[PDB]
$ cat target14.cif   # mmCIF, C-alpha atoms and all ligand atoms
data_coords
loop_
_atom_site.label_atom_id
_atom_site.label_comp_id
_atom_site.auth_asym_id
_atom_site.auth_seq_id
_atom_site.Cartn_x
_atom_site.Cartn_y
_atom_site.Cartn_z
CA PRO P 1 -4.05 -18.32 -4.35
CA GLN P 2 -1.23 -16.52 -6.15
CA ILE P 3 -2.13 -12.93 -7.02
CA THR P 4 0.01 -11.17 -9.63
CA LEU P 5 0.60 -7.45 -9.44
CA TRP P 6 0.14 -6.59 -13.12
CA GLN P 7 -3.17 -5.10 -11.98
CA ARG P 8 -4.38 -3.75 -8.64
CA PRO P 9 -4.97 -6.72 -6.29
CA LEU P 10 -8.69 -6.21 -5.65
CA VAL P 11 -10.73 -8.78 -3.77
CA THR P 12 -14.27 -9.07 -2.49
CA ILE P 13 -14.66 -8.89 1.28
CA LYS P 14 -17.67 -9.65 3.45
CA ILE P 15 -18.12 -7.37 6.43
CA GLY P 16 -21.04 -6.13 8.49
CA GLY P 17 -23.31 -8.25 6.33
CA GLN P 18 -22.14 -6.31 3.27
CA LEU P 19 -19.97 -7.18 0.26
CA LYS P 20 -17.32 -4.67 -0.78
CA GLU P 21 -14.35 -4.51 -3.13
CA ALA P 22 -11.05 -3.81 -1.39
CA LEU P 23 -7.37 -3.48 -2.22
CA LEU P 24 -4.86 -5.89 -0.65
CA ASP P 25 -2.20 -3.44 0.51
CA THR P 26 1.06 -4.66 2.03
CA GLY P 27 2.10 -1.07 2.63
CA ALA P 28 -0.92 -0.38 4.83
CA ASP P 29 -0.66 -0.74 8.63
CA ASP P 30 -4.44 -0.66 9.01
CA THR P 31 -7.56 -1.69 7.15
CA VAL P 32 -9.69 1.31 6.21
CA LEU P 33 -13.06 1.30 4.46
CA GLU P 34 -15.34 4.00 3.09
CA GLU P 35 -18.23 5.16 5.28
CA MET P 36 -20.32 2.26 6.51
CA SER P 37 -22.05 1.16 9.67
CA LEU P 38 -20.41 -1.25 12.11
CA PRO P 39 -21.66 -2.56 15.48
CA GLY P 40 -20.04 -1.92 18.83
CA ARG P 41 -17.91 0.78 20.35
CA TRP P 42 -15.42 2.93 18.45
CA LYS P 43 -12.86 5.67 18.99
CA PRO P 44 -11.59 8.45 16.71
CA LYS P 45 -8.23 8.12 15.02
CA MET P 46 -6.11 10.07 12.57
CA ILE P 47 -4.30 8.08 9.90
CA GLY P 48 -1.79 9.41 7.42
CA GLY P 49 -0.55 8.54 3.97
CA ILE P 50 0.32 10.35 0.76
CA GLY P 51 -1.49 13.68 0.82
CA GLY P 52 -1.83 13.90 4.58
CA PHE P 53 -4.22 12.67 7.27
CA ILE P 54 -7.91 11.83 7.49
CA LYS P 55 -10.03 11.18 10.58
CA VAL P 56 -11.68 7.77 10.87
CA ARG P 57 -13.63 5.71 13.41
CA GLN P 58 -11.78 2.73 14.84
CA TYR P 59 -13.79 -0.44 15.46
CA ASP P 60 -12.01 -3.39 17.06
CA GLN P 61 -12.74 -7.11 16.91
CA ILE P 62 -14.76 -6.91 13.69
CA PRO P 63 -15.44 -10.22 11.90
CA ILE P 64 -14.34 -10.12 8.28
CA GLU P 65 -14.07 -12.57 5.40
CA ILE P 66 -11.61 -12.24 2.51
CA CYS P 67 -11.54 -14.75 -0.34
CA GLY P 68 -13.28 -17.29 1.86
CA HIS P 69 -10.75 -16.77 4.63
CA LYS P 70 -12.34 -15.67 7.88
CA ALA P 71 -10.54 -13.30 10.19
CA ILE P 72 -11.23 -10.69 12.84
CA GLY P 73 -9.50 -7.44 13.61
CA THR P 74 -9.62 -3.67 13.69
CA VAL P 75 -11.39 -1.87 10.84
CA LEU P 76 -11.14 1.87 10.30
CA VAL P 77 -14.09 3.67 8.70
CA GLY P 78 -13.86 7.14 7.19
CA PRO P 79 -13.51 9.32 4.03
CA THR P 80 -10.86 7.15 2.41
CA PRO P 81 -10.78 7.41 -1.39
CA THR P 82 -10.64 3.62 -1.67
CA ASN P 83 -11.13 0.47 0.41
CA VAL P 84 -7.86 -0.95 1.70
CA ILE P 85 -7.09 -4.21 3.48
CA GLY P 86 -4.01 -3.70 5.64
CA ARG P 87 -1.42 -5.96 7.22
CA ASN P 88 -3.49 -6.37 10.39
CA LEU P 89 -5.83 -8.61 8.38
CA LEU P 90 -3.48 -9.80 5.63
CA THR P 91 -1.45 -11.63 8.28
CA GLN P 92 -4.56 -13.48 9.52
CA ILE P 93 -5.34 -14.94 6.11
CA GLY P 94 -1.72 -15.99 5.67
CA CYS P 95 -0.91 -13.48 2.95
CA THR P 96 2.76 -13.04 2.01
CA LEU P 97 4.88 -11.25 -0.59
CA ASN P 98 7.03 -13.50 -2.76
CA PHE P 99 9.72 -12.95 -5.37
CA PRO A 101 12.20 -14.67 -0.63
CA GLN A 102 8.89 -14.89 1.22
CA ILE A 103 8.00 -11.85 3.30
CA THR A 104 5.39 -12.12 6.05
CA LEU A 105 3.41 -9.04 7.02
CA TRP A 106 3.52 -9.06 10.83
CA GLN A 107 5.88 -6.10 10.46
CA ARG A 108 6.13 -3.44 7.74
CA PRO A 109 7.66 -4.96 4.57
CA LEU A 110 10.62 -2.56 4.67
CA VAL A 111 13.55 -3.42 2.44
CA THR A 112 16.82 -1.88 1.34
CA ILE A 113 16.93 -0.39 -2.17
CA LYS A 114 19.79 1.18 -4.07
CA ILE A 115 19.28 4.14 -6.39
CA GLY A 116 21.87 6.61 -7.62
CA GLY A 117 24.47 4.50 -5.83
CA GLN A 118 22.91 5.17 -2.43
CA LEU A 119 21.13 2.82 -0.05
CA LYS A 120 17.66 3.69 1.22
CA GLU A 121 14.87 1.86 3.06
CA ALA A 122 11.56 1.48 1.26
CA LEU A 123 8.19 -0.17 1.77
CA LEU A 124 6.96 -2.88 -0.62
CA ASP A 125 3.43 -1.57 -1.25
CA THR A 126 0.99 -3.62 -3.34
CA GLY A 127 -1.61 -0.90 -2.88
CA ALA A 128 0.50 1.61 -4.82
CA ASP A 129 0.36 1.86 -8.62
CA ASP A 130 3.58 3.86 -8.59
CA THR A 131 6.89 4.13 -6.74
CA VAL A 132 7.37 7.36 -4.81
CA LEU A 133 10.56 8.32 -3.01
CA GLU A 134 11.41 11.15 -0.65
CA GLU A 135 13.22 14.21 -2.03
CA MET A 136 16.48 13.24 -3.72
CA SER A 137 18.46 14.07 -6.83
CA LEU A 138 18.07 12.11 -10.07
CA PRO A 139 19.55 12.64 -13.57
CA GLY A 140 17.73 13.81 -16.68
CA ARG A 141 14.49 15.68 -17.21
CA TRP A 142 11.35 15.06 -15.20
CA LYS A 143 7.65 15.31 -16.03
CA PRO A 144 4.89 16.53 -13.70
CA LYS A 145 2.43 14.14 -12.10
CA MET A 146 -0.37 14.44 -9.57
CA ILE A 147 -0.89 11.30 -7.49
CA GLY A 148 -3.63 10.56 -5.00
CA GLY A 149 -3.19 8.94 -1.61
CA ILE A 150 -5.35 8.34 1.45
CA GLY A 151 -4.93 11.95 2.54
CA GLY A 152 -5.37 13.61 -0.83
CA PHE A 153 -3.22 14.66 -3.77
CA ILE A 154 0.36 15.82 -4.04
CA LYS A 155 2.52 17.02 -6.89
CA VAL A 156 5.56 14.92 -7.74
CA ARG A 157 8.44 14.84 -10.20
CA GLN A 158 8.45 11.89 -12.59
CA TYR A 159 11.77 10.42 -13.75
CA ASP A 160 11.69 7.54 -16.22
CA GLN A 161 14.00 4.61 -16.92
CA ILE A 162 15.83 4.92 -13.60
CA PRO A 163 17.98 2.00 -12.46
CA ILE A 164 16.95 0.78 -9.02
CA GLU A 165 17.92 -2.31 -7.06
CA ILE A 166 15.35 -3.74 -4.66
CA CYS A 167 16.55 -6.38 -2.20
CA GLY A 168 19.29 -7.07 -4.71
CA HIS A 169 16.88 -7.44 -7.62
CA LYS A 170 17.69 -5.17 -10.55
CA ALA A 171 14.99 -2.94 -11.97
CA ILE A 172 14.81 0.06 -14.29
CA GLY A 173 11.69 2.16 -14.28
CA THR A 174 9.67 5.21 -13.37
CA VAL A 175 10.36 6.80 -10.00
CA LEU A 176 8.30 9.66 -8.59
CA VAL A 177 9.98 12.09 -6.19
CA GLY A 178 7.90 14.15 -3.80
CA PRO A 179 6.59 14.83 -0.27
CA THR A 180 5.78 11.26 0.71
CA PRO A 181 5.61 10.12 4.34
CA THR A 182 7.85 7.20 3.37
CA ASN A 183 9.71 5.65 0.42
CA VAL A 184 7.25 3.31 -1.28
CA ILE A 185 7.89 0.73 -3.97
CA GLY A 186 4.79 0.35 -6.13
CA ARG A 187 3.52 -2.29 -8.54
CA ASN A 188 5.37 -0.77 -11.50
CA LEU A 189 8.60 -2.03 -9.90
CA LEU A 190 7.26 -4.96 -7.86
CA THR A 191 6.28 -6.52 -11.20
CA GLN A 192 9.81 -6.05 -12.53
CA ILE A 193 11.29 -8.07 -9.68
CA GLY A 194 8.69 -10.83 -10.00
CA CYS A 195 6.77 -10.07 -6.82
CA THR A 196 3.34 -11.62 -6.22
CA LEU A 197 0.88 -11.94 -3.34
CA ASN A 198 0.26 -15.42 -1.96
CA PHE A 199 -2.08 -16.96 0.61
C1 LIG P 201 1.07 4.73 8.54
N1 LIG P 201 0.10 4.76 7.44
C2 LIG P 201 -0.38 3.69 6.74
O1 LIG P 201 -0.05 2.52 6.93
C3 LIG P 201 -1.35 4.21 5.70
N2 LIG P 201 -0.76 3.78 4.33
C4 LIG P 201 -0.84 4.39 3.12
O2 LIG P 201 -1.44 5.45 2.94
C5 LIG P 201 -0.07 3.66 1.97
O3 LIG P 201 0.16 2.29 2.29
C6 LIG P 201 -0.76 3.57 0.59
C7 LIG P 201 -2.22 3.04 0.60
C8 LIG P 201 -2.70 2.57 -0.76
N3 LIG P 201 -3.23 3.68 -1.48
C9 LIG P 201 -4.55 3.37 -2.01
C10 LIG P 201 -5.23 4.50 -2.81
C11 LIG P 201 -5.72 4.24 -4.15
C12 LIG P 201 -6.37 5.32 -4.90
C13 LIG P 201 -6.51 6.64 -4.29
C14 LIG P 201 -7.17 7.83 -4.99
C15 LIG P 201 -6.42 8.86 -5.69
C16 LIG P 201 -7.10 9.98 -6.34
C17 LIG P 201 -8.54 10.08 -6.29
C18 LIG P 201 -9.31 9.07 -5.60
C19 LIG P 201 -8.63 7.95 -4.95
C20 LIG P 201 -6.01 6.89 -2.94
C21 LIG P 201 -5.37 5.82 -2.21
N4 LIG P 201 -2.31 4.00 -2.63
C22 LIG P 201 -1.64 5.16 -2.71
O4 LIG P 201 -1.72 6.05 -1.84
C23 LIG P 201 -0.75 5.33 -3.95
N5 LIG P 201 -1.84 5.69 -4.89
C24 LIG P 201 -2.27 4.92 -5.90
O5 LIG P 201 -1.85 3.80 -6.23
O6 LIG P 201 -3.32 5.59 -6.58
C25 LIG P 201 -3.05 6.14 -7.88
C26 LIG P 201 0.49 6.30 -4.02
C27 LIG P 201 1.12 6.18 -5.41
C28 LIG P 201 0.09 7.77 -3.86
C29 LIG P 201 1.59 5.94 -3.05
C30 LIG P 201 1.35 4.37 1.84
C31 LIG P 201 2.14 4.53 3.18
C32 LIG P 201 2.82 3.42 3.82
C33 LIG P 201 3.53 3.61 5.07
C34 LIG P 201 3.58 4.92 5.68
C35 LIG P 201 2.90 6.05 5.05
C36 LIG P 201 2.19 5.86 3.81
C37 LIG P 201 -2.91 3.79 6.06
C38 LIG P 201 -3.91 4.32 5.02
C39 LIG P 201 -3.13 2.27 6.11
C40 LIG P 201 -3.36 4.32 7.47
#
$ encode --input "target14.cif" --output "structure tokens"
Amino acid sequence: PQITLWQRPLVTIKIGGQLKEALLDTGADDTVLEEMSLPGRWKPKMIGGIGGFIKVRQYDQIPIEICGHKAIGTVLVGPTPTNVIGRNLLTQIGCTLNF
Amino acid sequence: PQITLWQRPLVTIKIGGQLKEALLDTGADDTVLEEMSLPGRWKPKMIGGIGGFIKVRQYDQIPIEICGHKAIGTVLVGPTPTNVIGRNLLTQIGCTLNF
């Protein structure tokens, strides 16, 4: 679908059996979600953005569904102020910027 | 053009007659650039990012070219890890998300 940017591009995502609202962010390298439980192994990671860095848990090969489009990839979980879907997953659903 | 997201959506922008590299960020409400000089008076603004808040200088009605597309809008100047072009300007150049 074509998403305009007049408003924040928020979408519903299905992950870990849960439904969450997340921001499609082309400027984000990774996908980071607020505290939640995910299965499998994980490793600590520090990610930075405006304001500095925050520590998160990195889970790889996590199944995810965005706007009906299924994909799998790395999901970071930590004290992020808002849920963000990064390029690592945007690519998988064939998302592109156009103008 | 159509920009894929396998790599960071970095583009060349021109502001104050100088060329700079910036990231097209759909997850940003505003446009924030690294320290630089701009004409006129500025207003204070506190913006929040993944790592927390920072104080920035707000300049309005600033001419800025993005990938050749002409825009004139608000530009925030402050301690940002990278130059980011937010929705306020992405909308001026007709940018949309597609998948
Ligand atoms: C290598 N790091 C990254 O790729 C990281 N990227 C970012 O932080 C970037 O993509 C913006 C990611 C979206 N985020 C989402 C966000 C939304 C709301 C809040 C917030 C604010 C106050 C209170 C509660 C929440 C925090 C973050 N939005 C903002 O931070 C913007 N904020 C905004 O639109 O909010 C007014 C800003 C104007 C400050 C730029 C900006 C960035 C790009 C490239 C290099 C360094 C940084 C990472 C989070 C994916 C690891």
$ residues_around --input "target14.cif" --residues "residue 55 of chain P" --least-positions-apart "3" --cutoff "8 Å" --atoms "all atoms listed in the file" --output "mmCIF file with C-alpha atoms, keeping the file's coordinate frame"
data_model
loop_
_atom_site.group_PDB
_atom_site.id
_atom_site.type_symbol
_atom_site.label_atom_id
_atom_site.label_comp_id
_atom_site.auth_asym_id
_atom_site.auth_seq_id
_atom_site.Cartn_x
_atom_site.Cartn_y
_atom_site.Cartn_z
ATOM 1 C CA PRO P 44 -11.590 8.450 16.710
ATOM 2 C CA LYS P 45 -8.230 8.120 15.020
ATOM 3 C CA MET P 46 -6.110 10.070 12.570
ATOM 4 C CA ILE P 47 -4.300 8.080 9.900
ATOM 5 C CA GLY P 78 -13.860 7.140 7.190
ATOM 6 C CA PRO P 79 -13.510 9.320 4.030
#
$ interface_residues --input "target14.cif" --of "chain P" --to "chain A" --cutoff "8 Å" --atoms "only C-alpha atoms" --output "tab-separated table (two decimals) with C-alpha atoms, in the frame of the given file"
chain	number	residue	atom	x	y	z
P	1	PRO	CA	-4.05	-18.32	-4.35
P	2	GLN	CA	-1.23	-16.52	-6.15
P	3	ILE	CA	-2.13	-12.93	-7.02
P	4	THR	CA	0.01	-11.17	-9.63
P	5	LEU	CA	0.60	-7.45	-9.44
P	6	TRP	CA	0.14	-6.59	-13.12
P	8	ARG	CA	-4.38	-3.75	-8.64
P	9	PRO	CA	-4.97	-6.72	-6.29
P	23	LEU	CA	-7.37	-3.48	-2.22
P	24	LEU	CA	-4.86	-5.89	-0.65
P	25	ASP	CA	-2.20	-3.44	0.51
P	26	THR	CA	1.06	-4.66	2.03
P	27	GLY	CA	2.10	-1.07	2.63
P	28	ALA	CA	-0.92	-0.38	4.83
P	29	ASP	CA	-0.66	-0.74	8.63
P	48	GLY	CA	-1.79	9.41	7.42
P	49	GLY	CA	-0.55	8.54	3.97
P	50	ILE	CA	0.32	10.35	0.76
P	51	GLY	CA	-1.49	13.68	0.82
P	52	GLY	CA	-1.83	13.90	4.58
P	53	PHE	CA	-4.22	12.67	7.27
P	54	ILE	CA	-7.91	11.83	7.49
P	80	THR	CA	-10.86	7.15	2.41
P	81	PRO	CA	-10.78	7.41	-1.39
P	82	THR	CA	-10.64	3.62	-1.67
P	84	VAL	CA	-7.86	-0.95	1.70
P	87	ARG	CA	-1.42	-5.96	7.22
P	88	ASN	CA	-3.49	-6.37	10.39
P	90	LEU	CA	-3.48	-9.80	5.63
P	91	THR	CA	-1.45	-11.63	8.28
P	93	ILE	CA	-5.34	-14.94	6.11
P	94	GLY	CA	-1.72	-15.99	5.67
P	95	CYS	CA	-0.91	-13.48	2.95
P	96	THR	CA	2.76	-13.04	2.01
P	97	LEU	CA	4.88	-11.25	-0.59
P	98	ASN	CA	7.03	-13.50	-2.76
P	99	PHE	CA	9.72	-12.95	-5.37
$ residues_around --input "target14.cif" --residues "residue 143 of chain A" --least-positions-apart "5" --cutoff "12 Å" --atoms "all atoms listed in the file" --output "VMD selection string"
chain A and resid 155 to 160 174 to 177
$ write_last_selection --input "target14.cif" --atoms "C-alpha atoms" --output "mmCIF file, keeping the file's coordinate frame"
data_model
loop_
_atom_site.group_PDB
_atom_site.id
_atom_site.type_symbol
_atom_site.label_atom_id
_atom_site.label_comp_id
_atom_site.auth_asym_id
_atom_site.auth_seq_id
_atom_site.Cartn_x
_atom_site.Cartn_y
_atom_site.Cartn_z
ATOM 1 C CA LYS A 155 2.520 17.020 -6.890
ATOM 2 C CA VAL A 156 5.560 14.920 -7.740
ATOM 3 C CA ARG A 157 8.440 14.840 -10.200
ATOM 4 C CA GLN A 158 8.450 11.890 -12.590
ATOM 5 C CA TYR A 159 11.770 10.420 -13.750
ATOM 6 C CA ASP A 160 11.690 7.540 -16.220
ATOM 7 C CA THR A 174 9.670 5.210 -13.370
ATOM 8 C CA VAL A 175 10.360 6.800 -10.000
ATOM 9 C CA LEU A 176 8.300 9.660 -8.590
ATOM 10 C CA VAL A 177 9.980 12.090 -6.190
#
$ axis_aligned_box --input "target14.cif" --around "segment 10-13 of chain P" --padding-each-side "6 Å" --output "lines of an AutoDock Vina configuration file"
center_x = -11.7
center_y = -7.6
center_z = -2.2
size_x = 18.0
size_y = 14.9
size_z = 18.9
$ atom_distance --input "target14.cif" --atom1 "atom CA of residue 73 of chain P" --atom2 "atom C27 of ligand LIG 201 (chain P)"
25.7 Å
$ atom_distance --input "target14.cif" --atom1 "atom CA of residue 130 of chain A" --atom2 "atom CA of residue 31 of chain P"
20.1 Å
$ atom_distance --input "target14.cif" --atom1 "atom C10 of ligand LIG 201 (chain P)" --atom2 "atom CA of residue 140 of chain A"
28.4 Å
$ build_atoms --input "target14.cif" --residues "segment 9-33 of chain P" --atoms "N, CA, C and O atoms" --output "short mmCIF file (atom, residue, chain, number, x, y, z; two decimals), in the frame of the given file"
data_model
loop_
_atom_site.label_atom_id
_atom_site.label_comp_id
_atom_site.auth_asym_id
_atom_site.auth_seq_id
_atom_site.Cartn_x
_atom_site.Cartn_y
_atom_site.Cartn_z
N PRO P 9 -4.47 -5.48 -6.90
CA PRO P 9 -4.97 -6.72 -6.29
C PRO P 9 -6.27 -6.49 -5.51
O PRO P 9 -6.27 -6.37 -4.29
N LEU P 10 -7.37 -6.43 -6.25
CA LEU P 10 -8.69 -6.21 -5.65
C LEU P 10 -9.37 -7.53 -5.35
O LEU P 10 -9.32 -8.46 -6.15
N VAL P 11 -10.02 -7.59 -4.20
CA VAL P 11 -10.73 -8.78 -3.77
C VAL P 11 -12.06 -8.38 -3.17
O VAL P 11 -12.27 -7.22 -2.80
N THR P 12 -12.97 -9.34 -3.08
CA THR P 12 -14.27 -9.07 -2.49
C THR P 12 -14.16 -9.45 -1.01
O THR P 12 -13.59 -10.49 -0.67
N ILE P 13 -14.68 -8.60 -0.14
CA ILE P 13 -14.66 -8.89 1.28
C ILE P 13 -16.08 -8.81 1.82
O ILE P 13 -16.90 -8.04 1.32
N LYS P 14 -16.37 -9.64 2.81
CA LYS P 14 -17.67 -9.65 3.45
C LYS P 14 -17.48 -9.06 4.84
O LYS P 14 -16.66 -9.54 5.63
N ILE P 15 -18.23 -8.01 5.13
CA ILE P 15 -18.12 -7.37 6.43
C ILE P 15 -19.43 -6.68 6.78
O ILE P 15 -20.09 -6.12 5.91
N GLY P 16 -19.80 -6.75 8.05
CA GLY P 16 -21.04 -6.13 8.49
C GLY P 16 -22.25 -6.54 7.66
O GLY P 16 -23.20 -5.78 7.50
N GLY P 17 -22.21 -7.76 7.14
CA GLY P 17 -23.31 -8.25 6.33
C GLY P 17 -23.31 -7.66 4.94
O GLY P 17 -24.25 -7.85 4.18
N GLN P 18 -22.25 -6.93 4.59
CA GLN P 18 -22.14 -6.31 3.27
C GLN P 18 -20.97 -6.89 2.46
O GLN P 18 -20.04 -7.46 3.01
N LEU P 19 -21.04 -6.73 1.14
CA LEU P 19 -19.97 -7.18 0.26
C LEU P 19 -19.35 -5.93 -0.33
O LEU P 19 -20.05 -5.05 -0.83
N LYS P 20 -18.03 -5.84 -0.26
CA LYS P 20 -17.32 -4.67 -0.78
C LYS P 20 -16.04 -5.09 -1.48
O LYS P 20 -15.48 -6.15 -1.20
N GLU P 21 -15.59 -4.25 -2.40
CA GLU P 21 -14.35 -4.51 -3.13
C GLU P 21 -13.26 -3.76 -2.37
O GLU P 21 -13.45 -2.61 -1.99
N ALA P 22 -12.14 -4.43 -2.13
CA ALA P 22 -11.05 -3.81 -1.39
C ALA P 22 -9.70 -4.18 -1.97
O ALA P 22 -9.54 -5.22 -2.61
N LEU P 23 -8.73 -3.31 -1.73
CA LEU P 23 -7.37 -3.48 -2.22
C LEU P 23 -6.47 -4.14 -1.18
O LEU P 23 -6.40 -3.69 -0.04
N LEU P 24 -5.78 -5.22 -1.57
CA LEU P 24 -4.86 -5.89 -0.65
C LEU P 24 -3.62 -5.01 -0.65
O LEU P 24 -2.91 -4.92 -1.66
N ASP P 25 -3.34 -4.34 0.47
CA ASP P 25 -2.20 -3.44 0.51
C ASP P 25 -1.16 -3.76 1.58
O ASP P 25 -1.37 -3.49 2.77
N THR P 26 -0.03 -4.30 1.14
CA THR P 26 1.06 -4.66 2.03
C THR P 26 1.71 -3.45 2.68
O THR P 26 2.37 -3.57 3.71
N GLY P 27 1.52 -2.28 2.08
CA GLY P 27 2.10 -1.07 2.63
C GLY P 27 1.20 -0.38 3.64
O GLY P 27 1.56 0.67 4.18
N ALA P 28 0.04 -0.96 3.90
CA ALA P 28 -0.92 -0.38 4.83
C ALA P 28 -0.88 -1.02 6.22
O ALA P 28 -1.01 -2.23 6.35
N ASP P 29 -0.69 -0.21 7.26
CA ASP P 29 -0.66 -0.74 8.63
C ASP P 29 -2.06 -1.21 9.00
O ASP P 29 -2.25 -2.29 9.56
N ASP P 30 -3.05 -0.38 8.67
CA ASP P 30 -4.44 -0.66 9.01
C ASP P 30 -5.33 -0.95 7.83
O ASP P 30 -4.96 -0.78 6.68
N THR P 31 -6.54 -1.40 8.15
CA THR P 31 -7.56 -1.69 7.15
C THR P 31 -8.53 -0.52 7.28
O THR P 31 -9.04 -0.25 8.37
N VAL P 32 -8.78 0.18 6.18
CA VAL P 32 -9.69 1.31 6.21
C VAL P 32 -10.71 1.22 5.07
O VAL P 32 -10.34 0.99 3.92
N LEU P 33 -11.98 1.38 5.43
CA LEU P 33 -13.06 1.30 4.46
C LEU P 33 -13.86 2.59 4.40
O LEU P 33 -13.88 3.36 5.36
#
